[PDB]
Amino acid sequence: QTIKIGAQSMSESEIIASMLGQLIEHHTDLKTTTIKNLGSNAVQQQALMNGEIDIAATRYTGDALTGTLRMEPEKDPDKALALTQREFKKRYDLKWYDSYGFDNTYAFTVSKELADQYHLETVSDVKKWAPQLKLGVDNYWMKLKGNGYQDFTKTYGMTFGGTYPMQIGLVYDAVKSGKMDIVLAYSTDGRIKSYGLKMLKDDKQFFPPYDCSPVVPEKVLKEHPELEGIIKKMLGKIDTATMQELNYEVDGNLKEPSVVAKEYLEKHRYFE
């Protein structure tokens, strides 16, 4: 009546936002709409504080610790989540829920062929090769201040010989085809498994945890007391394997995110 749910410009965020909206409409007389194409963690933040969205469907602890809170990035998942929950309530009167069950981290990714030829297992293993590698990346990370490229080169001490910003969606074919040698992929993309790509271990733990949760203002929860119980039904229920399969249905089987969400909810009987 009517609850506006924000989605970041990722297939994953569209699937989860549609799944949550469908679950609310299954249980209650609330109407839901989806506010798509929010560009970033910061965009979703300001939209929560100014009333443009009532629920942010997918927020990530690693994005909010650096970007929003300007805290030093905690590297343990459970600690990072508890610190995020605490500060979001204190600073913003926002409720950062427990995780849906999956984490979507940046991951340096190569073809199995390249990994096998040069015995690549970790990010540190590419240090000696960096000047000769072509890196594909999304359109934000090169300029990102927390754990973006600037800080990466300082921490790992390597600089790639060529950089190639593109829509996140495009990196998977770029690396499989061999047009790029290495890409900064998102770990829940379903093409990593389907294309047989190799994720390199972040041995320095340069990246923080990116556990995913819904975030809602306390004022919205007070006015709609049934929302809390509905959101709880999705928590702890969607593991990374499941999220990759759902992303695959959109990016590989070319389904609408609303259709992928409706078929999952039907298969799993709306979580009860």
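Residues carry their position along the shown sequence, with the first being 1.
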Stretch with the higher entry mean CA B-factor, where the candidates are 167 to 175 and 121 to 129: 167 to 175
Given 262 to 270 and 1 to 9, the range whose Cα B-factors average higher in the PDB entry: 1 to 9
Quick one: which of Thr109, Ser187, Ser99, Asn139 has the biggest Cα B-factor according to the entry? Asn139
Per the PDB entry, maximal CA B factor within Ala80, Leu114, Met199, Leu94: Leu114
Is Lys36 in the lowest, middle or highest third of its chain when residues are ranked by C-alpha B-factor? lowest
Taking the entry's C-alpha B-factors for this chain, is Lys233 in the lowest, middle or highest third? lowest
Chain third (lowest, middle, highest) by recorded CA B-factor, residue given as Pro217: lowest
Could you tell me which third, lowest, middle or highest, the C-alpha B-factor of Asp103 occupies within its chain? middle
Sorting the chain's modelled residues by C-alpha B-factor and splitting them into thirds places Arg86 in the middle
